[PDB]
Ligand SMILES: CCCCCCCCOCCOCCOCCOCCO
Ligand SMILES: CCCCCCCCOCCOCCOCCOCCO
Ligand SMILES: CCCCCCCCOCCOCCOCCOCCO
Ligand SMILES: CCCCCCCCOCCOCCOCCOCCO
Ligand SMILES: CCCCCCCCOCCOCCOCCOCCO
Ligand SMILES: CCCCCCCCOCCOCCOCCOCCO
Ligand SMILES: CCCCCCCCOCCOCCOCCOCCO
Ligand SMILES: CCCCCCCCOCCOCCOCCOCCO
Ligand SMILES: CCCCCCCCOCCOCCOCCOCCO
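Chains as they are written, first to last, in the authors' numbering: chain A, 1 to 289; chain A', 1 to 289; chain A'', 1 to 289. A prime marks a further copy of an entry chain.
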């Protein structure tokens, strides 16, 4: 069986003083199509493959192509994946929950470099022999993630730096906990990064959370992000504040809101301020199909 | 929801004396696939996105890719679109009704340069930040079209020439009228073009029409095209004659026929002669799927 | 109507002493998606078009694109195809039946160069104006194939070498016979190649066969491949031995097995040795969707 799913999003993206002779406000949009082939068996083992076709405004050649494939095998709560995999630091829960606006961005997200699923082709040729293996398991309300990424599988392994990561999250109805660690993140020797987060569902309506990072070799240093959200009917309000160790950085912050216009249709906007005082704002829609 | 539709066409395309050491007759073919994602809401607002994958014989690299996306929102007869939009001069009725043959061509089509939906990627990099906005409305048997195209939305607007167009068409059972105007067509300063057309359905079987253009800065100058068609059962016969102001140009003309072999299957051919005496002929099929 | 089908395969591919500073064992995988549009008519003539999107590990840019299209028309057992066609030497039965392992390879396959359906784009620009025509017919348990491939249809024909091929196969329940011949194979003047094969189904379970080739201008010279397979429940065992005329070449051979894990899911592996003593091995899965 082959299924197709995806989403479109478009709206206004504003970046204060974007650049000499550049407009500060543009129309930023994205079309994402996922192509999934699955083979179910009577033995309970499911095999699958996926491809993504993603277009973003500004893309080179005004064209869209597929990325590199991902393959998986699932059996009894265990999933093994190969090729262009989802990585542990990028898949744990809570680490991206301060994101807001129609482009789901936040200066409070980790400031480090690490491998993650590649949505598009890479013209530099850097990903041509990139191959990963990942294993996930949901044991109880516990989720475990493991990933191994080799940036160039064809070359003798002693010449390349491979990325290894682990993560786990756990949740009941009101508290959630998550942690991750990855060594040689992004294939950079000694760029070891870690995450610990927790969130409290202080209502069916509200949530407050705190994420802490060790950003490895990034110039940002350690980081802490405190964020929260509250739902009022169809509208959700969100906010966050984040600090990094880099000398002289400002405190980043943002405030935004989502409006659930209909099932699959979300209108969002946000106003944020970064670590270097950058001012960014957005407003737009996302529709799922 | 995601739907796929398209067509294939193949046949013979002949160009008298195409070129030194070139064959005059080749097999010209096209495969077009449209990918449409839509999200319907109970509020009556529909959101959609579309992507096209088009291959034509002769294309570079013997490969096919997607173009740049188009997004829209429809509500009560009004449609707003963003990104790679359909433009007003390219969408009005009547302006392409002299086209004939399996590749739907005509020297009687307007000889000017103007933006229109881009079916494919552009290797020159000229379309990378091209973004348009369009609005259509069917008020009665009236159709109104408006389009705004910015060839490079990232650059300060005083440095770029934007294209603005309007058009309207109207029809009852026997007369149709259409007009369009576009300023700085194709992003070329002072290339302002206009169209006025009318057609008379002198039967359930026949139609005669006349289109007039102002081709802006093109060397063709003003143009007039008189065309007609008549249906005899499953076969339709078509003809046209067109004249442009360019000094020394010949009168262009063409005669062709369509045969409706079955629903979705059309066999067509034509013999045409251009403004510079070029002789072109074709015969082939198109099937819709 | 538009349908999508395909397969994914992944596993380990081992090549003894692949190269200085290279790993001998890598994870080799492929994702293939076929896009087929068809228009059926009440007259019994079916029209179709197809596109392929294929990704293999190692591909340039870590991306996937469509290839060049293929068009066909079928009526009463006769199929005419145009564009990126299937060729006669590549479509006859028996010629690839010694292939084994999850990547279906065999040194016993013909060692010659000839045109065949192109699964992907070609960055060299060599296929940009490549166009073929093919005709197939199943008259009784007989299959006939004819193909004509012009490597550059736009250029005067006396300047290009076109490939012409024919083939036929025939089968009852226990014997199969096949033959093919192609002149100027692969567009190489005087590279004329031929195939004759026969197979004996000495059981419902076993088969032994013999293929003979004339490899035209290849340095391999004439070749003979003797192969066999035997099914034991869900597992199939296969073997082959092949010899070529090239002076000093070794005898190639291989042994492998397939395991039908479920409908659409096949686990395969093989160990093979080539004409230059290369040692290659594989183990992996293929799933159809
Ligand atoms: C095989 C899938 C198609 C992907 C091929 C695209 C190849 C394009 O690059 C060729 C070399 O030129 C360099 C491109 O410039 C950067 C492109 O990507 C960035 C998106 O904005
Ligand atoms: C060129 C300027 C236009 C670009 C700016 C887009 C800015 C739009 O977003 C502002 C809205 O952000 C949300 C504010 O937080 C309050 C939410 O609650 C109020 C209404 O539900
Ligand atoms: C058709 C008239 C010319 C249009 C003026 C050009 C001005 C450019 O755009 C300004 C902003 O308006 C359009 C954008 O569509 C995205 C809006 O936000 C999404 C819904 O929440
Ligand atoms: C990202 C979508 C894939 C589109 C990328 C194609 C990029 C190819 O160009 C790279 C630079 O080389 C120039 C190409 O020659 C012209 C191609 O287009 C014309 C069609 O016949
Ligand atoms: C190399 C020469 C072959 C290429 C030429 C293709 C020419 C085929 O088209 C000629 C047919 O055009 C239609 C003529 O107008 C008369 C229509 O009514 C008659 C039958 O229904
Ligand atoms: C298989 C024998 C070799 C074929 C001869 C090569 C000659 C090249 O083509 C000549 C014209 O015929 C084929 C084209 O298919 C398109 C025909 O028109 C479409 C249906 O109305
Ligand atoms: C139009 C469809 C997209 C296909 C375009 C890809 C164009 C890429 O090449 C541009 C020129 O650079 C040369 C590429 O290197 C070889 C690529 O193919 C081999 C697969 O491993
Ligand atoms: C780095 C080494 C790993 C790569 C080698 C893969 C080798 C795996 O394939 C060996 C199996 O080949 C099949 C053998 O023939 C006997 C079949 O019958 C026995 C079980 O059903
Ligand atoms: C997650 C721990 C790190 C993984 C070790 C890296 C070693 C690389 O791979 C070794 C072989 O195992 C994995 C391959 O998946 C394909 C196996 O064969 C397919 C099923 O028949």
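Backbone N, C-alpha and C define an ideal beta-carbon position, used for all residues, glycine too.
| message | Does residue 245 of chain A'' pass the burial test, meaning 16 or more other C-beta atoms within 10 Å, or should it be called exposed? | response | exposed
| For residue 154 of chain A and residue 138 of chain A'', the rounded distance between their alpha carbons | Separation of residue 138 of chain A'' and residue 154 of chain A (C-alpha to C-alpha, rounded to the nearest whole angstrom) is 45 Å.
| Endpoints, beta strand (DSSP E) assigned at residue 302 of chain A'' | Missing from the structure shown is residue 302 of chain A''; chain A'' here goes from 1 to 289 and no further.
| said: According to DSSP, is residue 284 of chain A part of a helix, a strand, or is it coil? | reply: strand
| message | Closer than 8 Å to a non-hydrogen atom of ligand 3 - does that hold for the CB of residue 147 of chain A'? | response | Under cutoff, so the answer is yes.
| request: Alpha carbon to alpha carbon, how far is residue 281 of chain A from residue 270 of chain A? Give it in angstroms, no decimals. | output: Cα to Cα, residue 270 of chain A sits roughly 6 Å from residue 281 of chain A.
| field | Any chain A beta carbon closer than 9 Å to residue 23 of chain A'' | value | yes
| query | Of all the residues that make up the segment 128-153 of chain A, which are near chain A'' by a beta-carbon distance shorter than 7 Å? | reply | 128, 129, 130, 131 and 153
| query | By the criterion of Cβ-Cβ separation under 7 Å, what are the contact partners of residue 262 of chain A' in chain A''? | reply | 41, 42 and 43
| Pair within 9 Å by beta-carbon distance, residue 150 of chain A'' and residue 125 of chain A'' | No. Outside cutoff.
| Anticipated Cβ contact below 8 Å, residue 91 of chain A' with residue 185 of chain A', distance rounded | So it is not a contact: roughly 14 Å between Cβ atoms.
| query | In three-state DSSP terms, what is residue 141 of chain A'? | reply | coil
| field | Minimum length 4: unbroken alpha helix (DSSP H) runs contained in the segment 53-131 of chain A' | value | 88-91
| message | Just to confirm, is the Cβ distance from residue 195 of chain A' to residue 211 of chain A' under 9 Å? | response | Going by C-beta atoms, residue 195 of chain A' is nearer than 9 Å to residue 211 of chain A'.
| Would residue 16 of chain A be called buried (16 or more neighbouring beta carbons within 10 Å of its own) or exposed? | Exposed, because fewer than 16 other Cβ atoms sit within 10 Å of the Cβ of residue 16 of chain A.
| Where residue 290 of chain A'' and residue 161 of chain A are concerned, what is the direct C-alpha to C-alpha distance, given to the nearest angstrom? | Any property of residue 290 of chain A'' remains undetermined from this structure, which presents chain A'' solely from 1 to 289.
| message | As a quick check of your reading: which residues have a C-beta less than 5 Å from at least one non-hydrogen atom of ligand 1, in chain order? | response | A:59, A:60, A:65, A:121, A:123, A'':61, A'':63 and A'':65
| request: Compute the Euclidean distance between the alpha carbons of residue 72 of chain A'' and residue 5 of chain A', then round it to the nearest angstrom. | output: 18 Å
| task | Please report the residue range of the beta strand (DSSP E) in which residue 22 of chain A lies. | result | It is not in any beta strand (DSSP E) - residue 22 of chain A carries neither H nor E in the DSSP assignment.
| Under the DSSP definition of a beta bridge, which residues are partnered with residue 207 of chain A? | A:229
| query | Which class does residue 197 of chain A'' belong to by DSSP, given the choice of helix, strand or coil? | reply | strand
| request: Note down the Cα distance separating residue 19 of chain A' from residue 130 of chain A'', rounded to an integer number of angstroms. | output: Taking the Cα positions, residue 19 of chain A' is about 19 Å away from residue 130 of chain A''.
| request: Under 8 Å by Cβ, that's how I've got residue 241 of chain A'' and residue 253 of chain A'' pegged, so tell me the actual separation to the nearest angstrom. | output: 5 Å
| query | Can you list the residues of chain A'' that residue 287 of chain A' reaches, using a CB-CB cut of under 7 Å? | reply | 39 and 47
| field | Interface residues of chain A facing residue 31 of chain A'' [CB-CB closer than 7 Å] | value | At a beta-carbon threshold of 7 Å, the residues of chain A lying near residue 31 of chain A'' are 49, 51 and 69, ordered along the chain.
| field | Cβ pair residue 197 of chain A'', residue 218 of chain A'' closer than 9 Å | value | no
| task | Mind checking who residue 163 of chain A pairs with in its DSSP beta bridge? | result | Per DSSP, the beta bridge partners of residue 163 of chain A are A:149.
| request: Decide if the segment 70-88 of chain A'' is in contact with the segment 218-230 of chain A''; the criterion is three or more beta carbon pairs, one per stretch, under 8 Å apart. | output: no
| request: Mind listing the chain A' neighbours of residue 62 of chain A? Cutoff is C-beta to C-beta under 9 Å, in chain order. | output: 67, 68, 84, 118, 120, 121, 122, 125, 126, 127, 128, 129 and 130
| DSSP on residue 44 of chain A'', reduced to helix/strand/coil? | coil
| field | Cα-Cα separation, residue 95 of chain A to residue 181 of chain A | value | The straight-line gap from Cα to Cα measures roughly 12 Å.
| query | Under 8 Å from any heavy atom of ligand 3, does the C-beta of residue 274 of chain A' make it? | reply | no
| message | Does residue 43 of chain A' pass the burial test, meaning 16 or more other C-beta atoms within 10 Å, or should it be called exposed? | response | Looking at its Cβ environment, which holds fewer than 16 other Cβ atoms inside 10 Å, residue 43 of chain A' is exposed.
| Limits of the beta strand (DSSP E) - the one that residue 235 of chain A' falls within | 235-244
| request: With residue 15 of chain A'' as the anchor, note down where its beta strand (DSSP E) starts and where it stops. | output: It spans 2-15 - the beta strand (DSSP E) in which residue 15 of chain A'' sits, taken as one unbroken run.
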